[PDB]
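For reference, the structure is listed below as structure tokens.
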Amino acid sequence: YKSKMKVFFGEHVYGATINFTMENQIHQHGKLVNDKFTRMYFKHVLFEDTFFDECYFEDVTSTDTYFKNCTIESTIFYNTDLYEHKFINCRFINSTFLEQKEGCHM
Amino acid sequence: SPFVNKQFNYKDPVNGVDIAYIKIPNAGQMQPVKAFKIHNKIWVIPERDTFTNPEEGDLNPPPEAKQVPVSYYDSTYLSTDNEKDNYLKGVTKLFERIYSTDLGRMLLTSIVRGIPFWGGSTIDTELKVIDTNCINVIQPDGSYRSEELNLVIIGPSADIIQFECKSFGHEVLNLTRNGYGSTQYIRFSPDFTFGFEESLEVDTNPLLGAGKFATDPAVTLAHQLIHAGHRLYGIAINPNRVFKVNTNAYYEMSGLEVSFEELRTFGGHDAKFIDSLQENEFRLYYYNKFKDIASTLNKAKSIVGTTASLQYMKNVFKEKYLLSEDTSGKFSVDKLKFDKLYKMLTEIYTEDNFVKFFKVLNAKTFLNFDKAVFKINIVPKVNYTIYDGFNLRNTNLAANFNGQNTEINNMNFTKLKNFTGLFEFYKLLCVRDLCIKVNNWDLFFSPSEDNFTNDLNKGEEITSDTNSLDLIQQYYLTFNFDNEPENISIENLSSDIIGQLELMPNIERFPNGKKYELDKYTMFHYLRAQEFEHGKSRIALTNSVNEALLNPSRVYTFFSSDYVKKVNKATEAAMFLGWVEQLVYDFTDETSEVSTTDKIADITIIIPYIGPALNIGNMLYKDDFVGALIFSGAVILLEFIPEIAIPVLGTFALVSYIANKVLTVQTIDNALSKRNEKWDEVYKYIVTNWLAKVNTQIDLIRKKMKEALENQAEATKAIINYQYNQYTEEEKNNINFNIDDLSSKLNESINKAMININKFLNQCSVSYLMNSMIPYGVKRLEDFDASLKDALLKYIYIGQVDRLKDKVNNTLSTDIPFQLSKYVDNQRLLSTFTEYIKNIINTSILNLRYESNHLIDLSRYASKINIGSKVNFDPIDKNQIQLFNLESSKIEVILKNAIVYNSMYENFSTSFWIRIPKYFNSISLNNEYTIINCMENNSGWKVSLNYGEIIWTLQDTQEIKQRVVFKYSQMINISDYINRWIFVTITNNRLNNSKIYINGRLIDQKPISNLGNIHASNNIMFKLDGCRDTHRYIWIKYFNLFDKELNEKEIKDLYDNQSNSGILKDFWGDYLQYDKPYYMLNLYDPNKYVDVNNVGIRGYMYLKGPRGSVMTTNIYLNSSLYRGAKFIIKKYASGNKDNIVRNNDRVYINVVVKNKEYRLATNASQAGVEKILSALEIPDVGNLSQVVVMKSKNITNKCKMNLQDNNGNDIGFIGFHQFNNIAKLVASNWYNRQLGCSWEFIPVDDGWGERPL
Ligand SMILES: *[C@@H]1O[C@H](CO)[C@@H](O)[C@H](O)[C@H]1NC(C)=O
């Protein structure tokens, strides 16, 4: 598993709606602007130094994913299990945290 | 024991002791005239006065009428025996009536006792009678017996109804003003009485009709007796001391002479027109005169011209002047006894006191001029009883003074034709024609500034020792009786007593018919526009004065257009009776109207029609009149602005005694006492100025309002009568209409309106007194207090310094309250003054409020309210002011320079409602920006803000700073201070502490006593200064400043009053509104939001959580509010056209689901107390209970909804019940039996910053 780890550097993802499952990836210095994660599975994916922007998280189920040093701005986390403990040294900006799936899901 | 014993009839013989031919002094030779003595030293001569004055030898009217409002001329009066006997009986009855009263008894005893002084001897050591102060009664044997007398009563001169007290003067001595005294001849007639009109009696008898009251002759005789009593002791003021006025302007009386003697005699309200300095000067002058005559009495040791022993004469003069001998024949005056005697002769003996004792009507002030001449009969007891007068007991005249009303008691007074024409003395006013003549006695009374003088500026040095009917009753017990100067034999004088009357100053004739050209329509023009001639042709009302003055047959009216349309309409007989009733209904409606706007300070009852009634301020719109009133205070009512200027009060020079311990404490006590005396004296001077210059104009405006209302009523009555006159005989007899009942009901409506007009004018006068006159004196007094405090503290600089310093600091830190009860005795005005004092806001110093599209200082202390071009006002409620972070988004308040004192801001309070949006940018942290500034030269107080902090800063010149802060956190689930209105108040006392309260609860306090010189400022800056955040802004409203520390009770009262409990409020504290979508929040469970479930009958609504979270790291973390289904409020039965909801309104509730509206209804027939709510499509069944009554009061408990059935039965308060697992919404009656019934409406706001996904 660990051999097939995808390293991502310097991304600029604009206006993309994500519907599938992405697994075993790390993102560094990403700039996820106006994205949308709806009804998907996060599996062993790591975010570092990524700058979110007005992204929308809906019915996203996460496992072993962890946000680090990310600037998260103007986002909405509705119906999710991405609890507080999944965020490490992250700065929120004008963000929100609405209904959140109860219990972790795998 | 009656005054006059053994009634004299007229034709009794010429005996020589009680009824005899006498020869009074005269210029030449006079035939002896029959005169009757009625008591000791009192004679009556029932003849016309053609003897004393040689000029007054004729009884015909003069070619040039006098400057007199009412006068009757006659020639056949008192020429027949019956007339003389009737005159005698009337005079005797009036004397007995005066004598019965305790005050009258004292007056008559004093007049009888006070014989004229014997100063006719050229040599200084002799006493000789004045040759002109005695009469000659000729005995039937043939010789005369010269006798000394005090009073003489003579029938009037050519002018029948002109009563005056004359005296016989001396060659070198002014007997009537140097204490010697002289005989007084009164020209009085009881058969005639002036008639006045009273319009301030309705407060006791609302059923009273018109005025036209007749003056009781007893009061007039008492006035003349008071004049004689003043002149008998020689303490009368010189006639040239006259109350001068101004006559140049068009609104001023052409001429009205009123001497200081008349002001003293009138007493009561009139006597206050002379300041205390002139009273002091007169008292000192007459004390010196009494000392001089006492010394003259002491020096003399021989008497020539009489048999009686000298010692008896010295005793007589000692008991007259209350001199104090000391068992060595050394007469001397004492200040206490002479002060008592002067106060009795000046203040106790007054016409107002006689009016109070007699309990009769009279003109409360000399301005209420007489109007008619009434011939009356006094001799019969059936018309005038000795004890009561015209107000006979046990009859219809007993109550409401109906005995003095000529329109009830018609048979007792006969109206006579007075010779002074209505337009004999007039002023001719007109605009740039239509020139109208206005009678001189119908113009404003404007006293000049010369009559008021002050000794305030002069300084004072302090040393070791520097210092009501019950009162009349106490004087009555203290008074001395049983000692009346016995008759003395005087050697007879010459047959002809040569003597000339006291010389009077020449009064120049005021010019008549002055022509004035103006540029506006004055109030006299409007009054003369409403008059008419009772002509034969029809009279139509109109609303254009330019045509009413021009056309005689059309009268101006200030009522609505509907009324003038109605009264101009030709109506048949079949509708005449209904027409009249409609007309009286419209009369009552228009006259009883009042103004709703009350935010004004104690001008609560504003009468609108007054504007068009007199053209007040030169606008002809009632709405414009109310706007101008609120904008400019009570100034617009005044025709001329009084000029009041208090000089800089003098300093107190304190003497120091070497090595003394008790006297210095006495000096400190004396300084504090004299401080209180200075405060009282300045207050009294200001009250006197206000009474003389302001209240008179208000009284005139009141009288003119009454006259205008009477004119309108008479015009309507004339129109009705003319329409009635046109019918045929069968029409008149079948349709009967009478005039008396119509007149009575119109008069009652006029009285009902007049009560409100009087209340409004009293409020205006008191408001002007407390707003524009008192502060100009308070500034001087408190500046003087500050100046004296430093001198006192330097003076303390043995062994008692701490207590004395505490005493002086606490004494001079505060101020003496102004209570009107110690300066005026008018009940009607004192009640309104107490109402003024009651409200705390009325006593505020700065009262910035938005009124009539203008931001104005309702307390009238501010000179300039400067407004920037980038300051926003909320359209729904214009009071809320929004200030941005721009250089041009500022407000400036510039106070009046002559009201602000240097030592202000020592004890003061401030209060304002502020709304502060959430802090978003991280720059806001550790950033303090001033939002209110009052600092100059780095000194004063400023209100600043910071991240979750409200700071109050007080700084002095020495750079010392004291801060009180209120800190509220932003990291909370639900905050009561973030983007919500909060009522901040701050109270500073220099002595102890400075405190800050938030929402009426004490929050913080800190000492400020260490501060030095906090030098006061003049500008107030509402501007965000120093804020690094670029989009920062605040909301501020209801700013108020107070000149005294506020306790907790006053703070809570302010919070309750300014909260405006009548209007329901949303979450942020704004006004709840119709047709606006609000999210719902429950206070019982604030962690869950309202959601809907299958809209329809079978669905419901429940509460589910958690709400969520809205966060910005290191800045804030608050639970989201824009969640759930939004509620909107649709009107149902609110008649108000605005969308603002109020208490007890009935409303419909709509819930939005999928951007579609569903009515909030339920079926009340389901079992159990709980009635689960539901959402139904708006085309639902009306049988389901849906109407919701909104309430905000029980004490106020948030905003509650009460579901009601269609039949008025109360389904109950809205709320939530945990019906099984799902917590549904229910209309429960358990909540009606007082939580969970309190709700909060959260609308989308731009200060919260949450995005409604
Ligand atoms: C991918 O996105 C499309 C577009 O909305 C959607 O039709 C599809 O269902 C998504 N894929 C899955 C596995 O749901």
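Ligands are numbered from 1 in the order shown, chains are lettered A, B, ... in the order of the structure tokens, and residues start at 1 in each chain.
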- Message: Taking the DSSP secondary structure from the backbone, can you list the residues of stretch 765-915 of chain B that are strand (DSSP E), as an MDAnalysis selection string?
- Response: chainID B and resid 848:850 855:857 862:867 871:873 881:884 891:895 907:915
- Near-residue A:22 list (8 Å; only C-alpha atoms; drop same-chain fewer than 2 positions) as a PyMOL selection string: chain A and resi 20+24-25+41-43+45
- Neighbour list for residue A:50 as a ChimeraX atom specification, cut-off 6 Å, only C-alpha atoms, skip fewer than 5 positions in-chain: /A:29-31,70
- Dump as an NGL selection string the residues of chain B that approach chain A to within 10 Å, counting only C-alpha atoms. :B and (920-921 or 1105-1120 or 1123 or 1249-1251 or 1253)
Atoms to include: C-alpha atoms. Write the selected residues as a compact mmCIF listing (two decimals), in the first residue's frame.
```txt
# COMPACT_ATOMS: atom_id res chain seq x y z
CA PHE B 920 -13.65 40.18 12.08
CA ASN B 921 -10.16 41.31 11.07
CA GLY B 1105 -29.85 20.48 17.17
CA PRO B 1106 -27.06 21.25 17.58
CA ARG B 1107 -27.12 24.63 15.83
CA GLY B 1108 -23.54 24.37 14.59
CA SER B 1109 -20.47 26.56 14.85
CA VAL B 1110 -19.13 29.69 13.16
CA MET B 1111 -15.45 30.25 13.85
CA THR B 1112 -12.46 32.40 12.98
CA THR B 1113 -9.32 31.10 14.65
CA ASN B 1114 -7.89 33.41 17.33
CA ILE B 1115 -10.82 35.82 16.86
CA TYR B 1116 -14.21 34.27 17.61
CA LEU B 1117 -16.22 31.07 17.93
CA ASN B 1118 -19.99 31.50 18.21
CA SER B 1119 -22.86 29.13 17.53
CA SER B 1120 -24.57 29.74 14.20
CA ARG B 1123 -30.69 28.05 11.00
CA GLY B 1249 -21.18 38.04 9.20
CA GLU B 1250 -22.63 34.53 8.94
CA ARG B 1251 -23.52 33.41 5.43
CA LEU B 1253 -26.31 28.78 3.23
```
- Message: Taking only C-alpha atoms and all ligand atoms and a cut-off of 8 Å, can you tell me which residues surround ligand 1, written as a list in words?
- Response: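 Written in the requested form, the residues are residues 17, 18, 19, 20 and 39 of chain A.
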Report as a tab-separated table (two decimals) with N, CA and C atoms, in the first residue's frame all protein, DNA and RNA residues lying within 12 Å of residue B:483, evaluated on only C-alpha atoms, omitting residues in the same chain fewer than 4 positions from it.
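What follows is the written file result.tsv:
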```
chain	number	residue	atom	x	y	z
B	40	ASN	N	-63.57	106.94	65.76
B	40	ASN	CA	-62.50	107.84	66.18
B	40	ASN	C	-61.70	108.29	64.97
B	109	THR	N	-57.66	99.30	63.20
B	109	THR	CA	-57.02	99.71	64.45
B	109	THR	C	-55.75	100.50	64.17
B	110	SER	N	-54.94	100.05	63.21
B	110	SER	CA	-53.71	100.76	62.89
B	110	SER	C	-54.00	102.14	62.30
B	112	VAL	N	-56.66	104.01	62.88
B	112	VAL	CA	-57.15	104.87	63.95
B	112	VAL	C	-56.01	105.30	64.86
B	113	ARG	N	-55.09	104.39	65.17
B	113	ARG	CA	-53.99	104.71	66.08
B	113	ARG	C	-53.03	105.72	65.47
B	114	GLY	N	-52.74	105.60	64.18
B	114	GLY	CA	-51.67	106.37	63.58
B	114	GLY	C	-52.00	107.81	63.25
B	315	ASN	N	-45.98	109.67	74.82
B	315	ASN	CA	-46.42	108.28	74.90
B	315	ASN	C	-47.24	107.89	73.67
B	316	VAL	N	-48.08	108.80	73.18
B	316	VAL	CA	-48.88	108.51	72.00
B	316	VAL	C	-47.98	108.26	70.80
B	319	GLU	N	-46.13	104.89	71.17
B	319	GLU	CA	-46.93	103.71	70.83
B	319	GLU	C	-47.32	103.68	69.37
B	320	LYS	N	-47.32	104.83	68.69
B	320	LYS	CA	-47.56	104.83	67.25
B	320	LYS	C	-46.35	104.29	66.49
B	479	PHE	N	-50.85	91.39	68.19
B	479	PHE	CA	-51.24	92.79	68.05
B	479	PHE	C	-51.77	93.35	69.37
```
- Task: Find the distance between atom CA of residue B:54 and atom CA of residue B:501 and write it in Å to one decimal.
- Result: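 Separating atom CA of residue B:54 from atom CA of residue B:501 is a distance of 9.7 Å.
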- Item | Shell around stretch 982-996 of chain B at 8 Å using only C-alpha atoms, local window under 2 positions removed, as number ranges by chain | B: 905-915, 952, 964-966, 977, 980, 998-1000, 1002-1009, 1045-1046, 1051, 1055
- Task: Just list the residues in stretch 705-877 of chain B DSSP gives alpha helix (DSSP H) on the backbone, as a ChimeraX atom specification.
- Result: /B:705-725,729-734,739-768,774-796,801-813,827-838
- Task: Considering only C-alpha atoms, state which residue in the set A:14, A:8, A:51, A:57 is at the smallest distance from residue A:38.
- Result: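 The answer is A:57, which sits nearest to residue A:38.
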Excluding stretch 647-651 of chain B and residues on its chain fewer than 3 positions from it, collect all residues at most 7 Å away from it, counting only C-alpha atoms, and give them as a short mmCIF file (atom, residue, chain, number, x, y, z; two decimals) with N, CA and C atoms, in the first residue's frame.
```cif
data_model
loop_
_atom_site.label_atom_id
_atom_site.label_comp_id
_atom_site.auth_asym_id
_atom_site.auth_seq_id
_atom_site.Cartn_x
_atom_site.Cartn_y
_atom_site.Cartn_z
N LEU B 456 -25.15 92.05 43.01
CA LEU B 456 -24.42 90.78 43.00
C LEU B 456 -22.93 91.00 42.78
N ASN B 457 -22.57 91.93 41.90
CA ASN B 457 -21.17 92.11 41.55
C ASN B 457 -20.34 92.57 42.74
N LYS B 458 -20.92 93.39 43.61
CA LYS B 458 -20.17 93.93 44.74
C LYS B 458 -19.76 92.81 45.69
N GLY B 459 -18.51 92.88 46.16
CA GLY B 459 -17.96 91.86 47.02
C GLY B 459 -18.45 91.96 48.45
N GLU B 460 -18.04 90.98 49.25
CA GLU B 460 -18.47 90.88 50.63
C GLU B 460 -17.32 90.36 51.49
N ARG B 780 -23.11 81.03 36.92
CA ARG B 780 -22.47 82.03 37.76
C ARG B 780 -22.33 81.53 39.19
N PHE B 784 -18.79 80.82 41.10
CA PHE B 784 -18.52 81.46 42.38
C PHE B 784 -18.21 80.43 43.46
#
```
- atom CA of residue B:474 to atom CA of residue B:233, distance in Å rounded to a single decimal: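 Here the two named atoms are 22.7 Å from each other.
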- For residue A:75, which residue out of A:16, A:55, A:106, A:5 is the nearest one, using only C-alpha atoms?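 Looking only at the distances to residue A:75, the closest residue turns out to be A:55.
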- Task: Find the residues around residue B:35 up to 6 Å (only C-alpha atoms counted), leave out those fewer than 5 positions away in its own chain, and share them as a ChimeraX atom specification.
- Result: /B:20-21,44-45
Selection above as a file: N, CA, C and O atoms, as a JSON list (two decimals), in the first residue's frame:
```
[["chain", "number", "residue", "atom", "x", "y", "z"],
["B", 20, "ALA", "N", -72.31, 116.97, 62.17],
["B", 20, "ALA", "CA", -72.23, 118.41, 62.28],
["B", 20, "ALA", "C", -71.71, 119.01, 60.98],
["B", 20, "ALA", "O", -71.14, 118.31, 60.14],
["B", 21, "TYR", "N", -71.92, 120.31, 60.83],
["B", 21, "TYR", "CA", -71.36, 121.04, 59.71],
["B", 21, "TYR", "C", -69.87, 121.24, 59.96],
["B", 21, "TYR", "O", -69.48, 121.68, 61.04],
["B", 44, "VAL", "N", -67.11, 110.98, 57.42],
["B", 44, "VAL", "CA", -67.63, 110.77, 56.08],
["B", 44, "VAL", "C", -68.43, 112.00, 55.68],
["B", 44, "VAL", "O", -69.21, 112.54, 56.48],
["B", 45, "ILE", "N", -68.20, 112.47, 54.46],
["B", 45, "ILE", "CA", -68.87, 113.64, 53.91],
["B", 45, "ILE", "C", -69.63, 113.20, 52.67],
["B", 45, "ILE", "O", -69.07, 113.11, 51.58]]
```
- Pick from B:778, B:613, B:1160, B:1129, whichever lies nearest to residue B:1101 using only C-alpha atoms: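 Going through B:778, B:613, B:1160, B:1129 one by one, the smallest distance to residue B:1101 is for B:1160.
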- Take atom CA of residue B:1247 and atom CA of residue B:917 and report the distance between them in Å, one decimal.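 The value is 4.8 Å.
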